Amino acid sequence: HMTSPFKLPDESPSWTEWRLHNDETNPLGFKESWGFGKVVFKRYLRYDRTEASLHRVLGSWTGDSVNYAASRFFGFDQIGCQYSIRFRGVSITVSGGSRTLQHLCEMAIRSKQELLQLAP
């Protein structure tokens, strides 16, 4: 078991749940991922566009959680790191080498927030 950058578990909806959601309604949430070298950790999280929910999903990873997970993969040569998020058909990615990871985190967290607060 590798250690993930994430502090919340995955919330991927089942196929049945997704169909039921489509018949009765606005996505159920958003997808995000962190990639270090060749390893990618992924989350689907429920998000309902309220403030409480935004605050919850914003705690799904931190500088520290990403750094502890990422450093597992560090070597002589710098590795590529990447955060990806998709909400409503819009994807943001923030990437660079492992030496920039603090800065990637900084931009990822703003991006996640800008995207999730974006009006339809």
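Throughout, we count residues from 1 along the sequence that is shown.
Counting the deposited residues that fall between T25 and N26 and carry no coordinates gives a value of 4 to 9. Averaged over their C-alpha atoms, the temperature factors of 87-95 and 74-82 are higher for 74-82. Split the chain's modelled residues into thirds by C-alpha temperature factor. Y47 is in the middle one. Ranked by Cα temperature factor within the chain, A108 sits in the lowest third according to the deposited record. Sort the chain's modelled residues by C-alpha temperature factor and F36 lands in the middle third, per the entry.
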